[PDB]
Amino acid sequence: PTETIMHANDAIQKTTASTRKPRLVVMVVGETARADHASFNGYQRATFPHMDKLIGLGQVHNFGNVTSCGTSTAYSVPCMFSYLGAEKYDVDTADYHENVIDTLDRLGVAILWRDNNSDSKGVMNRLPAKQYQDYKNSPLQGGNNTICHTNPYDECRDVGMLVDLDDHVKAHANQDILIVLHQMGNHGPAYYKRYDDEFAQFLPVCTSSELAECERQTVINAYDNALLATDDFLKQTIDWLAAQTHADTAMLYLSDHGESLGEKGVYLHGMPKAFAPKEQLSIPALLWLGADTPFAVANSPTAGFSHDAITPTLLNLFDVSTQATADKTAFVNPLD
């Protein structure tokens, strides 16, 4: 209790940014997006038009139906960055452990967490305050997001987290960089507020929080429109990374959990993972790698990928060697 449980005391970077090309990784933490409403997973609608074309051109890898560790934000987000797998993870004691962010920051990787969701759910607690930035509010309301007044709800948009991101990179031009963007995404129940008018293409839309009152299709339409906005956001995120040429880049996207959309009377999420509908545990996962990338996409295990692959992935992306993630399954193979 009075001091933290360590996992990566043996963590060593095999190569550092002073002996090789620096690495710049953006980790997008999604929200409520589920795998089967992704067009690149066989969904009848084109919910991810930009990603669909990048996948069909071989720019982005799709990891299929990935399993989340849990069915809520408060549960999953700490576990996504944990050294403990979903089966040994305890949400009530997550703060007692060092996480992969702690490790990376300790080894000298420049961490920046921008949040248009809620907060980092404890993950960022040991790091200096300035490394966590609130993007849920405009500055007047004490935030940092300059893209809020684009809609009648004055809700801050995810694309606002991409503004002035160059300044952080220029500040740490000599070292490895990890930027976590915590997305508002498909947060319900008011899906119709999650996207600007630009993406209101699936009509008509349920413009109410009473999801069980609306006809199911109108709720789905809103949900799918919010996916469109996320797809666009990921596209602009990839475009930004592609503009960074003096570094090896990577964009990793995973939703924190899926969503029930009226299946057998179940709405929203948060159902206990033991008997939760599989929709709440089914999430999309995408990887984008920059030009002349040193990294390789890992083979898919027969059981499929899960949230447990994130921490070994982030470590492999920064050449970190530790017995906390020796033989574990990652999205990206470990480099020599």
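Note that residue numbering begins at 1 and tracks the sequence as displayed.
Averaged over Cα atoms, the B-factor as recorded in the entry is higher for 242 to 250 than for the other of 242 to 250 and 98 to 106. Mean C-alpha B-factor is higher over 15 to 23 than over the other stretch, the pair under comparison being 309 to 317 and 15 to 23.
Each of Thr73, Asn225, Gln175, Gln131 has a CA temperature factor in the record; the biggest one is found at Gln175. The entry lists C-alpha B-factors for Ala38, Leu268, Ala291, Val28, and the highest of these is at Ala291. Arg45 sits in the highest third of its chain by CA B factor, as recorded in the PDB entry.
Residue-level temperature factors show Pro152 in the middle third of its chain, judged at the C-alpha atom. Per the PDB record, residue ranking by Cα B-factor puts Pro284 in the lowest third of the chain.
Among the modelled residues of its chain, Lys235 has a C-alpha B-factor that falls in the middle third according to the deposited record.
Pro78: CA B factor in the lowest third of modelled residues in this chain (values from the PDB entry).
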